[PDB]
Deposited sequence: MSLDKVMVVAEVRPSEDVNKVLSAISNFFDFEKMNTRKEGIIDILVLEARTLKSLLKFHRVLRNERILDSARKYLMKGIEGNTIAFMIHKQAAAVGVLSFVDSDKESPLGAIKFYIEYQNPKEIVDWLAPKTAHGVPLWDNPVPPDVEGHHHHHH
C-alpha cells in the first residue's frame, strides 16, 4: 500500500532540482539512488496515500480533473496505477501528464482515481471523497 516515484538525473541535471520538482506533488519518505551508466535513477517511496495530498490539490487548482481522470484510469493495470508527468513542467510547479514516473500499490485502484480525479460538471467536482484508507 505504498507509492513510488522514479526519475532520472543526467550529468547536466541537478539532483536537487529533480527532487524539488517532485516535492511539489509528492511528499516522499524514503530515497535510494541507482545507476545506469552516467545516469542516476531516483527511487522515492512513501507508505501512505497522504503522500499524494499535494497531487490531489494541484489537480484542482489547475482545473484539469477531466484530463487527470482519463490518464489515471488508463494507467490502472491490476492492483496498481502507473502514470507519468512532465519533468520540466513539474520543475516550474506545473503538473502535466504524459519524465517523472508514478507507481501506486493499492487493492482498489478505482478508489484512487475517484479520490483525486472526480467527474466534473462545468469544472465543479461532482463528489469529494476522503483519502482512501
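Asker: Comparing the deposited sequence against the modelled residues, what ranges come up empty for C-alpha?
Answerer: Unmodelled stretches: 1-3, 102-110, 146-155.
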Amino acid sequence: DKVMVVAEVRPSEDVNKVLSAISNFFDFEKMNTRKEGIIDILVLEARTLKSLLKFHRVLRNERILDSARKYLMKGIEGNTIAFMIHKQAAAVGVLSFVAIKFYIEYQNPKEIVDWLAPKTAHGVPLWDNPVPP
From here on, numbers count along this sequence of modelled residues.
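Asker: Higher average CA B factor in the deposited record is what I'm after, so tell me if that's 109-117 or 8-16.
Answerer: Higher mean C-alpha B-factor in the PDB entry: 109-117.
Asker: Please work out which of 29-37 and 86-94 has the higher mean CA B-factor as recorded in the PDB entry.
Answerer: Mean B over CA atoms: larger for 29-37.
Asker: If you rank the chain by CA B-factor, which third does residue 55 end up in: lowest, middle or highest?
Answerer: Residue 55: CA B-factor falls in the lowest third of its chain.
Asker: Select lowest, middle or highest to describe the third in which the CA B-factor of residue 43 falls within its chain in this entry.
Answerer: CA B-factor rank for residue 43: lowest third.
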